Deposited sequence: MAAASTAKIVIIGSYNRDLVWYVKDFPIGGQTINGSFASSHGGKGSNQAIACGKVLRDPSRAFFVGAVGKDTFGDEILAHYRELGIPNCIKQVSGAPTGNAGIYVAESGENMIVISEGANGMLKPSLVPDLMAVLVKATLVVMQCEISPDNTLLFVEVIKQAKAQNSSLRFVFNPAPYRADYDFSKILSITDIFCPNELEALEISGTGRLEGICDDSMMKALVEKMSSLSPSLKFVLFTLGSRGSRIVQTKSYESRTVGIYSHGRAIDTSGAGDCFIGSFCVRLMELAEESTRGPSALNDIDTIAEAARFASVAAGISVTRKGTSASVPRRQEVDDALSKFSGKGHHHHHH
C-alpha cells in the first residue's frame, strides 16, 4: 500500500553534451544521450530506489501511446514502483531538448505533450490512495489548470486523512502557476534559490531577512503551511518554520569530486520524502512528528547525503544511491 504519492511529469530527455552553448545562429557539434526524465518521474524513481520497499511509492502521470510511452511503463515495471501512468491518444509523450555545457550549466526546453492531459478525471482512483498516504508531492511540469484540479482533490483528501502532508516543489519556476492557491493546502514548500526569488518579487542570493519575509507572506494566506525548505546550492538548505520562524541549517554533503549534478535536485526531493515518511512511522508522536522542525531537519540531512552522493556519479536516475550507502555516509 502506497505511502508516498508523486503526481507529476514524465519527459524523455534528449541531451546534447557540448563544450559551450551555441550562440544564436551557430551550428556546433556535440555528444548525444537519451534518458528518462521529467521532475515528477525523477522524484518517484528516487523514492523507489531510496525506499526500503519500493511498493510504498506511487507515481501519477500521463504519457502518449508511443514508444517513449511504452518504454517508461515497462521501466516502472522493471523498477517495481506502483503507478497509474495513463496512456492518452491526444498528445505524444512529453520530452525535453537539453544542452549541457562542460561547465555543468543547462538549457532545457520541454514539450509538455501528454503531461498537459494529466487531470484527476484521468486517474479516478486517486482519492482512495491519497486518503491512506503520508506524503503527496507535485512540481510544475504539468498544466497550471490541471494542477489546481489536483489541489482540490488533495484538499479533500487531507480533510479525510489528517496524516497526509502535501510537499510542493515549485520547479521549474512557472509564472502561470497560481502559487497562492497551491500554497493554501501546502504543508512543506521546497523552492530553490532562484524559484524563491521569483515567487517573492524582492538579487541572486537569499539572505536571512528575505527568507523570513517570504515565509511570512506565504504563511499569511495559508492555514496549512508549516515549513519552507529553501534549497541554496553551495550553501546547502534552510528550514524555516511558519509563525515562529525557527530555522535549521543543513549543509552540503561532500561525497567526492562532482562529475554530474543532473537530477540532483529531484534526488534530494525524493530522498527527503522517503525519510519524512519513515520518520512518521518510527516515532511515538506519529505523523504529528512531521510538525516538529527537527524531524524536518533530519530528513533534510538524509536528503543532503543522498544528493551529495548523486553528484559524484552520472546518468540522472542511475546516480541515485542505494539506501545502504546513504546509511553508511550518515
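A.B. asks: What ranges of the deposited sequence, counted from 1, have no C-alpha atoms in this structure?
C.D. replies: Missing from the model are residues 1 to 5, 208 to 210, 339 to 351.
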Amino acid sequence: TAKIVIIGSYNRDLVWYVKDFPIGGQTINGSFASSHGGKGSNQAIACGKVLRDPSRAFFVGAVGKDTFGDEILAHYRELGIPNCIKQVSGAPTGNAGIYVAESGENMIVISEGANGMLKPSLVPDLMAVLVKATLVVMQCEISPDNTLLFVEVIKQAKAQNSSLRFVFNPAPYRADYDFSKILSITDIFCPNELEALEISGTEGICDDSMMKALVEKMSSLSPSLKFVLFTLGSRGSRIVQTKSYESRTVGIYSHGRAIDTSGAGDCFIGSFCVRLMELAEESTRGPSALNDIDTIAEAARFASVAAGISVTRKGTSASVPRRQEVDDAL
From here on, numbers count along this sequence of modelled residues.
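A.B. asks: Mind pulling up the entry and telling me whether 292 to 300 or 278 to 286 has the higher mean Cα temperature factor?
C.D. replies: Higher of the two, by average CA B-factor, is 278 to 286.
A.B. asks: Quick one: higher average CA temperature factor, 307 to 315 or 14 to 22?
C.D. replies: Of 307 to 315 and 14 to 22, the stretch with the higher C-alpha B-factor average is 307 to 315.
A.B. asks: Taking the Cα B-factors listed in the entry, which of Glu102, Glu152, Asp178, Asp187 comes out highest?
C.D. replies: When the deposited C-alpha B-factors of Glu102, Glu152, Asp178, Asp187 are compared, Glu102 is largest.
A.B. asks: Name the one of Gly236, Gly97, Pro170, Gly204 with the greatest CA B-factor according to the PDB entry.
C.D. replies: That would be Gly204, according to the entry.
A.B. asks: Looking at the C-alpha B-factor of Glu141, is it in the lowest, middle or highest third of its chain?
C.D. replies: As the PDB entry reports it, the C-alpha B-factor of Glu141 lands in the lowest third of its chain.
A.B. asks: By its CA B factor, does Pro54 count among the lowest, middle or highest third of the modelled residues in the chain?
C.D. replies: Highest third of the chain for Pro54's C-alpha B-factor.
A.B. asks: Ordered by C-alpha B-factor within the chain, which third holds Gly48? Give me lowest, middle or highest, please.
C.D. replies: It belongs to the middle third of the chain when residues are ordered by C-alpha B-factor.
A.B. asks: How does the C-alpha B factor of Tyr245 compare with the rest of the chain: lowest, middle or highest third?
C.D. replies: As the PDB entry reports it, the C-alpha B-factor of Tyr245 lands in the middle third of its chain.
A.B. asks: Considering only modelled residues of the same chain, in which third does the CA B-factor of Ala157 rank: lowest, middle or highest?
C.D. replies: Middle third by C-alpha B-factor.
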